[PDB]
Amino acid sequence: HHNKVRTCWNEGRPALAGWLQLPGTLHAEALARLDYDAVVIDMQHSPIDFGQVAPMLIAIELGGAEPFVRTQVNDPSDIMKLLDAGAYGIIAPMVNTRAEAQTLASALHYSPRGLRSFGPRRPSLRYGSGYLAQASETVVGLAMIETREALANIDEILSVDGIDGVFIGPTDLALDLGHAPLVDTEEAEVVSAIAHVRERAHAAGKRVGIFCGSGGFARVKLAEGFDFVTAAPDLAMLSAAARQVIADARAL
């Protein structure tokens, strides 16, 4: 009867999250049982549709981790349907303006605080009769910052009461600033942009998250005071592991 990421935050500690681009329940449960506070299912840069995300949310919850979704788009009706299927954290792409941040906030909260439609199929099963009283606290909402425009509008995005804060996509931010879309990019202008967003989030009393492609990059981001750190995509970790196993099998 608590959001595990929110419990971390209430203790003044960051949350470490997994990141799934591969559909299915077995790896979802296994990774949820490791020392992850949450597991983010990526519905943007993956082949995971609604049909496949639904049982994965169940598997992550059984594993003991908070099920999160990175959506395809900041669409209120998509986000509401994931909340009612037991997604307890939302990362919405391409939040570039206050109005887009208000669109995300609108989907996370029942009236009067937003316009979330009422039919909480799975949250009512998890939280029971006392769900509606605490519904807003059961859900974490992060607006993605991955453009020049979002960078320019960061203080107006952070002024929106109904979002917990922001989630940095460093590779898309690198690409939008005219740099190589490198995994864990340390391009100086992108590093400055990322530090600026982190500073503005904490100045506004808001949370800041970041996508990492490695444990090493995630350690530095945790040391820099990021509230929500993801590492690393199941597909990238599996491909790296398989390459290494093959190299060791084939070695002289």
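Residue numbers run from 1 along the displayed sequence.
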Legend entry - Of 126-134 and 79-87, the stretch whose C-alpha atoms average the higher B-factor in the entry: 126-134
Inset, instruction - Using only the Cα atoms and their B-factors as the entry lists them, report which of 199-207 and 26-34 averages higher. - result: 199-207
Legend entry - For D42, the third of its chain into which the C-alpha B factor falls: lowest
Inset, instruction - Classify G178 as lowest, middle or highest third according to the C-alpha B-factor given in the PDB entry, relative to its own chain. - result: highest
Inset, instruction - Give the position of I58 by CA B-factor within its chain, expressed as the lowest, middle or highest third. - result: lowest
Legend entry - Cα B factor band for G114 (lowest, middle or highest third within the chain): highest
Inset, instruction - Please rank the C-alpha B-factors of the chain's modelled residues and tell me whether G165 sits in the lowest, middle or highest third. - result: lowest
